[PDB]
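What follows is one structure encoded as structure tokens, with my remarks underneath.
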Amino acid sequence: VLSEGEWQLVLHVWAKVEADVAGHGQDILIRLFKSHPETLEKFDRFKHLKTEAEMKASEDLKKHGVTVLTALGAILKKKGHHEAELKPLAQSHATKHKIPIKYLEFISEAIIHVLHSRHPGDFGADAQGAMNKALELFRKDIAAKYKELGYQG
Ligand code: HEM
């Protein structure tokens with residue numbers, strides 16, 4: 001479990017992300033797609049995008065980035081008490097979108113990379129540690145729902 005001091009580090013930097021949800025969302029998805037090209041293939045919506053400039057130009061991609069970060073923000077602000085928010089998400093990603101747990105690991109790495117680019121002074125080691133712990137908790141709780149439904153994998 002995160003301590004109260006660790007949750008404060010997470011939510012302090014998240015308040016900055018919320019100044020520019022769309023810019024953040026875009027950078028994160030693009031990092032994910034470039035670092036792990038196999039993740040782009042999950043999105044019939046975005047499959048057609050081949051270069052980073054094309055990705056950067058796509059309004060639809062920027063719109064989905066907002067969706068992802070708004071859902072994640074609502075989970076983080078529940079500070080671990082996220083059962084009602086997490087269950088729908090784990091059900092669609094396991095059974096409808098077919099997203100392996102590993103790809104949730106990849107997008108966590110992307111989020112940490114982008115927070116680090118954009119918010120150095122608010123994202124030193126102690127905040128990066130707290131953010132990694134929060135994202136592991138998210139993954140751990142999702143993985144348990146996957147297992148229940150027969151998708152641990
Ligand atoms: C931080 C983790 C993530 C969050 C908060 C998140 C959130 C969402 C939300 C809220 C939706 C729309 C509602 C729903 O279908 O559940 C969605 C759809 C989707 N997500 Fe995720 N997602 C995450 C990670 C991923 C990753 C890593 C992949 C793919 C590698 C993925 C693939 C999809 C797909 C394919 C859709 C449907 C897109 C469309 O055709 O409209 N998601 N996600």
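The sequence shown begins at 1 in PDB author numbering and counts up by one. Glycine residues also receive a C-beta, built at the ideal position from the N, C-alpha and C atoms.
Notebook entry, point to check: Thinking C-alpha only, which one of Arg-45, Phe-33 and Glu-59 is nearest residue 154?
Noted result: The structure shown does not extend to residue 154, since the chain is modelled only from 1 to 153, so the question has no answer here.
Next item on the list: Assign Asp-27 to buried or exposed, taking buried as 16 or more other Cβ atoms, counted over all protein chains shown, within 10 Å of its Cβ.
Entry: Classification for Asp-27: buried.
Notebook entry, point to check: Taking 7 Å as the cut-off, does the CB of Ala-84 come closer than this to any heavy atom belonging to the ligand GDP?
Noted result: What this structure holds is the ligand HEM, not the ligand GDP.
Check: Sorry if obvious, but does the Cβ on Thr-51 come closer than 7 Å to a heavy atom of the ligand HEM?
Finding: No, since every heavy atom of the ligand HEM falls outside the 7 Å radius drawn around the Cβ of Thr-51.
Next item on the list: Using only alpha-carbon positions, find the residue among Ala-110, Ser-92 and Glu-52 that is nearest to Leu-69.
Entry: Measuring from the Cα of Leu-69, the nearest candidate turns out to be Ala-110.
Checklist line | DSSP three-state assignment for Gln-91, whether helix, strand or coil | finding: Helix, per DSSP.
Note to self: By the three-class DSSP mapping on this structure, what secondary structure does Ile-101 have?
What the structure shows: In the structure shown, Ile-101 sits in a helix (DSSP, three-state: H, G or I).
Checklist line | Range covered by the alpha helix (DSSP H) that runs through residue 227 | finding: One cannot answer for residue 227 here, as it falls past the ends of the chain, which runs 1 to 153.
Notebook entry, point to check: Near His-82, what residues of its chain come up, given a Cβ to Cβ distance below 6 Å and the 5 sequence neighbours on each side ignored?
Noted result: Excluding sequence neighbours, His-82 sits near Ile-75.
Item checked: Contact set for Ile-112: own chain, Cβ-Cβ below 7 Å, skip 5 residues either direction -> Within the same chain, Cβ atoms closer than 7 Å to the Cβ of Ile-112 are found at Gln-128, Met-131 and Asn-132, the five residues on either side in sequence being excluded.
Check: Does the ligand HEM have even one heavy atom less than 7 Å from the beta-carbon of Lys-145?
Finding: Every heavy atom of the ligand HEM is 7 Å or more from the Cβ of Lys-145, so no.
Check: Considering only the beta carbon of each residue, do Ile-142 and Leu-86 sit closer than 8 Å?
Finding: In contact: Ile-142 and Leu-86 (Cβ atoms closer than 8 Å).
Notebook entry, point to check: What did DSSP end up calling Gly-150 once you bin it into helix, strand or coil?
Noted result: Here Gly-150 sits in coil by DSSP.
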